[PDB]
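A quick write-up on the structure given underneath.
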Amino acid sequence: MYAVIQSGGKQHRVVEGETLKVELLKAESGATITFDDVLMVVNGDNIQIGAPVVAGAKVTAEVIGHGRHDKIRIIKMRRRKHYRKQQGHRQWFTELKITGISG
Amino acid sequence: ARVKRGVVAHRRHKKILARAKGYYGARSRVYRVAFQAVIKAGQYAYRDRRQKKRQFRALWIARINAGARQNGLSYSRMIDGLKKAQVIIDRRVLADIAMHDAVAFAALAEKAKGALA
Amino acid sequence: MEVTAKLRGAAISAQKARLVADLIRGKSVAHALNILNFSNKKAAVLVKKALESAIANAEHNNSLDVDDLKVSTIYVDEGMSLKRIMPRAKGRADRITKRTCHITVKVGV
Amino acid sequence: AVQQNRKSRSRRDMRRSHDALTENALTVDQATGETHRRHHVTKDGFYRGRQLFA
Amino acid sequence: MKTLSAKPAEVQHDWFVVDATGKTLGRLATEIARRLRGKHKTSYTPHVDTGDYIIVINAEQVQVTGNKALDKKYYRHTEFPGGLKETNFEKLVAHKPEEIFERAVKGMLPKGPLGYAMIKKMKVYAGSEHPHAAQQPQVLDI
RNA sequence: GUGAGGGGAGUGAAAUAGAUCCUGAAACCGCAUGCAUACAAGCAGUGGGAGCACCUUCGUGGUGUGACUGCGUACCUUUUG
RNA sequence: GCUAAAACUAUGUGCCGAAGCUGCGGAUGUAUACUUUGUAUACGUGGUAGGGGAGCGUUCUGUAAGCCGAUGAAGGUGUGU
RNA sequence: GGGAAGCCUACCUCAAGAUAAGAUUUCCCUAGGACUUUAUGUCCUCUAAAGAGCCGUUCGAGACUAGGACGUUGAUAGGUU
């Protein structure tokens, strides 16, 4: 069984027990999160496609922690024009672990 | 107060040469050549962070087109039908389903074609 | 365990000595000695000196038998060069480099 | 006429890929039993069971 | 990294046979190129060959419209000075039918090592027989 | 070769402190191991990406390599460019 | 490669398509209020010649008859952060 | 239907690296163990075939190569008649 959820302006297809990284959330570590806006639930042959959203479906996950991705260098250079600048970047993320899917 | 440049200059050149690991010939050995190679790599990476999204969207669209034509529609008609049926699933998930589960994609195609009818 | 001999400051180019080194690398000592004995290269004499010194070291300082030895490792490095001046036509002068090399031989069983 | 660009170490070694040496033809003599160059007199003056210096 | 690429070790190539009697050359070559490259499968990946094997029979019955039988030209150049050679469609189809299909599909495939690999899966035969009965090809009406 | 040079033994806290001998960087030149490479055209990278080798907390891990593929004509100066 | 077009003229229904616009996360300048603030909202953040602001490292003097150091300083070479 | 010193053949030479690597005639090799990574798998012992090359005497073949002839079951080169 798998479901389609939306978090942080993107969508993910998840199964129970899966760990995934999404955009940074405000939930404290150890808390539980409920998605009540499931777009799709599939149970082998039982298929539910929500018009915008499946009525009654719920996906429960638990927050593992917060972190930062690996460093990325940004380089800008205009040749023969005496211009150059650079900066670094690391993006924040939150880790989740799916614990329950109910259609 | 006379100042010698050796230690700091050596450290800077060594950091550049370390970022140049793996390149061919003088591009990983000679400071003048290696310095130019690192800046160009940075520029290429900056541009390709934008190119990547376009490439992957094209791939998703191609896989969705293959699935739709297996189910009797074209990509444009399937997208129109889903939009009229209010389904808001995006192309990345649609391509994943097309590649890994044919029955669910057939159900989505049936929904879109019913909306078109 | 390997037994080593080094000949340092041999009066020949490393590029020239490396041909003989590659010729004898990996063979048994008797076969290599035959090759060096019947070669006509100048570097053959120096390489033979180094190899015989290595065999003597293995016999006398480690108590090994020569019937099972082989040339396990051999390589040539660059030595210190001598600098000279050669006069050309019309008053111009060129710089001459006289090269030397180091030879390392290791034998083992 | 001279080069416009210095040649890479890779191409230099590729040119030298034909410079390897080769082995002579050596053979054990009958009458005395040491190694000698084939078709040559041994270093002690023997060839095909004849002596050159008595 | 949720979007996956097809693995070459798991790709499965099926065999098909196509009769070219009465077909238009270009409108057949487009479909052949599609199926050689693998655009019709949901596992399509730009850097992997996922296509099918296509056998083409009755190659000399292919057709062109208008006056192209007399007028369409085929050129090649030997690299000697003045060495440009020229022929037309009627002579070429009576002489070497396979070359016409090879040129038409080569033009529509990608130009690289993967394209060279993909063109090797097209077999073109003049008559009505092919020697690949051991591969059990299926009839494809395209 | 009564040579040069080395291998043992010995001195020394240390001899890769052994005589142009404290430390011993880079250009440049070897040897060994792992992977890739002899049907394919270009500033040599970059975004993807299969396979292989070793390590492993056995992974949605680490290290090395990069078949195939989208894009891509060095740097400085001087110039309307 | 294309001929009741994959050409031209007219009309329509969809779709692709940019670093434009929207979504989510983060940084920063100015202004208006919280009547200390570092919290909100609003408007901005392509740049040569130039102008303005804020910083990192290096050698030496005081603080220093202090603090670290043969249970290993500076320097060299890797790894992680 | 006819129709030119022009085009394709026809004449001479090269040509399967034509990676699509083509065809025909004839010849050669048929042994035992151990192990795990059960695989055209890895290490032992035993076997070196048909042939090719090194070497030699040489050429009306030749820069070096390559190519041709011969090596005592012999006229390949020199000498001798």
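Side chains are part of it too, since the values below use all heavy atoms of this structure and drop only hydrogens, waters and symmetry mates. Below, chain A is the first sequence line, B the second, and so on; all start at residue 1.
Taking atom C1' on both nucleotides, F:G42 is separated from H:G17 by 24 Å, rounded to a whole Å. Going from the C1' atom of G:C60 to that of G:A54 covers 26 Å, rounded to whole Å. Remark: the separation of the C1' atoms in F:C31 and F:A14 is 29 Å, to the nearest Å. As rounded to the nearest Å, F:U46 and F:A25 have P atoms that lie 29 Å from one another. Taking the P atom of each, F:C35 and H:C43 are spaced 15 Å apart, rounded to whole Å. Using P as the reference atom, F:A53 and F:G47 are 27 Å apart when rounded to the nearest Å. Taking atom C1' in both G:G44 and G:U48, the straight-line distance is 23 Å, to the nearest Å. F:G59 and F:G34: their P atoms are spaced 27 Å apart (whole Å).
The side chain of D:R48 has H:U72 as its nearest neighbour among H:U72, F:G5, F:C31. Considering only side-chain atoms of E:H47, the nucleotide from F:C31, F:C68, G:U59 that sits closest is F:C68. With distances taken from any side-chain atom of B:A45 to the nucleotides F:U46, F:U69, G:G25, the minimum falls on F:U46. Closest contact between the side chain of C:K6 and the listed nucleotides F:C31, F:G6, F:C76 involves F:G6. Among the nucleotides F:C28, F:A4, G:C15, the one closest to any side-chain atom of C:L7 is F:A4. Closest to the side chain of E:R27, from the set F:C31, G:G25, G:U3, is G:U3. Each of G:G47, G:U58, G:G25 was ranked by its minimum atom distance to the side chain of A:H89; first place goes to G:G25. In the set G:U58, F:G1, G:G76, F:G1 carries the atom at the smallest distance from any side-chain atom of C:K49. Distances were taken from every side-chain heavy atom of B:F56 (C-beta onward) to each of G:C15, F:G48, G:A19; the shortest belongs to F:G48. Comparing F:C71, F:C75, G:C2 against the side chain of B:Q36 picks out F:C75 as the nearest.
No side-chain donor-acceptor contact under 3.5 Å links E:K91 to the backbone of E:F89. Checking side-chain atoms of E:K120 against main-chain N and O of E:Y116 turns up no donor-acceptor pair under 3.5 Å. Between the E:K121 side chain and the E:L36 main chain, a donor and an acceptor come within less than 3.5 Å of each other.
Within 4.0 Å of B:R77, counting heavy atoms only, lies at least one base atom of the nucleic acid. Here B:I61 lies in heavy-atom contact (under 4.0 Å) with sugar-phosphate atoms only. Backbone-only engagement by E:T24 is indicated by non-hydrogen atom pairs under 4.0 Å involving sugar-phosphate atoms exclusively. When heavy atoms are screened at a 4.0 angstrom cut-off, D:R9 is found touching the sugar-phosphate backbone but no base atom. Contacts of B:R12 with the nucleic acid, taken as non-hydrogen atoms under 4.0 Å apart, are absent. Within the 4.0 angstrom heavy-atom criterion, no nucleotide atom of any strand lies near E:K106. Residue B:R57 is classed as a sugar-phosphate contact, given heavy-atom separations below 4.0 Å to backbone atoms only. When heavy atoms are screened at a 4.0 angstrom cut-off, B:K14 is found touching the sugar-phosphate backbone but no base atom. Counting any heavy atom pair closer than 4.0 Å across all strands shown, A:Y83 reaches sugar-phosphate atoms only and no base atom.
In this model, the phosphate group of F:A25 is not approached by any side-chain N or O of B:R11 to a distance below 4.0 Å at OP1 or OP2.
B:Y75 and B:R91 form a side-chain donor-acceptor contact under 3.5 Å, judged by distance and modelled atom types alone. A donor and an acceptor atom, one from each side chain of E:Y125 and E:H132, are located under 3.5 Å apart. No side-chain donor from either of C:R8 and C:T104 sits under 3.5 Å from a side-chain acceptor of the other.
At a cut-off of 3.5 angstrom, counting only N and O atoms as typed in the model, there is no donor on one side facing an acceptor on the other between the side-chain of C:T4 and the base of F:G6. Interface remark: the C:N61 side chain does form a donor-acceptor pair with the F:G7 base, using a distance-only criterion of under 3.5 Å. No N or O donor and acceptor, one from the side chain of A:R79 and one from the base of F:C76, sit under 3.5 Å apart. Applying the 3.5 Å distance criterion, the base of F:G48 shares no donor-acceptor pair with the side chain of B:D48. No hydrogens or angles were tested; on distance alone, a donor-acceptor pair under 3.5 Å links the side chain of A:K81 to the base of F:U79.
Consecutive residues F:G72 and F:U73 form an unstacked step, taking six-membered ring centres below 5.5 angstrom and planes below 30 degrees as the test. Stacking annotation: H:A21 and H:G22 not stacked (criterion of six-membered ring centroids under 5.5 angstrom and interplanar angle under 30° not met). Under the 5.5 Å and 30° stacking definition, the step from H:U38 to H:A39 qualifies as stacked. Neighbouring nucleotides H:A5 and H:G6 do not stack on each other, since their six-membered rings fail either the 5.5 Å centre distance or the 30° plane angle limit. Classification of the G:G47/G:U48 step: not stacked, the six-membered rings not being both closer than 5.5 Å at their centres and less than 30° apart in plane orientation.
Glycosidic conformation at F:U11 (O4'-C1'-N9-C4 for purines, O4'-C1'-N1-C2 for pyrimidines): anti, more than 90° from 0.
Sugar puckers are classed by the sign of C1'-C2'-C3'-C4'; that of G:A7 comes out north, on the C3'-endo side.
Cation-pi check for A:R13 over A:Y2 is met; the charged atom lies under 6.0 angstrom from the ring centroid and within 45 degrees of its normal. Judged by a 6.0 Å distance limit and a 45° cone about the ring axis, B:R50 is positioned over the six-membered ring of B:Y46. Annotation: cation-pi geometry not satisfied between A:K85 and A:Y83 (NZ/CZ under 6.0 angstrom from ring centroid, within 45° of ring axis).
Across all strands shown, G:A64 remains unpaired; no Watson-Crick or G-U wobble contact has both distances below 3.5 Å. The partner of G:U32 is G:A40, judged by Watson-Crick or G-U wobble contacts that both fall below 3.5 Å. Here F:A53 sits opposite F:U63 as a Watson-Crick or G-U wobble pair (both hydrogen-bonding atom distances under 3.5 Å). Nucleotide H:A10 is matched to nothing when pairs are restricted to Watson-Crick or G-U wobble geometry with both distances under 3.5 angstrom. G:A27 and G:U45 make up a base pair, with Watson-Crick or G-U wobble contacts both under 3.5 Å. Pair assignment for G:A7: none, as no Watson-Crick or G-U wobble contacts are both less than 3.5 Å. When Watson-Crick and G-U wobble pairs are counted only if both distances are under 3.5 Å, F:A40 pairs with no nucleotide at all. In this structure, F:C76 makes no Watson-Crick or G-U wobble pair, since no nucleotide meets both defining distances under 3.5 angstrom.
Residue D:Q30 places its CD atom among 12 or fewer non-hydrogen atoms of other residues, nucleotides or ligands, all under 6.0 Å distant.
A canonical Watson-Crick pair (purine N1 to pyrimidine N3 plus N6-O4 or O6-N4) or a G-U wobble (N1-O2 and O6-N3), each contact under 3.5 Å, is absent between F:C22 and F:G6. For the criterion of Watson-Crick or G-U wobble pairing, both bonds shorter than 3.5 Å, the nucleotides F:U37 and F:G66 do not count as partners. A canonical Watson-Crick or G-U wobble pair links H:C35 to H:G41, with each of its two hydrogen-bond distances shorter than 3.5 Å. In this structure H:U42 is paired with H:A34, meeting the Watson-Crick or G-U wobble definition at both distances under 3.5 Å. Between F:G34 and F:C71 there is no base pair of the Watson-Crick or G-U wobble kind with both of its two distances under 3.5 Å.
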Show your reasoning for whether side-chain contact (heavy atoms from CB on, under 4.5 Å) applies to B:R92 and A:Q11.
-> CA-CA 8 Å; B:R92 180 169 94 94; A:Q11 305 173 5; over 6 Å; no

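One atom, CE of C:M80, and another, P of F:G5, lie 12 Å apart when rounded to the nearest Å.
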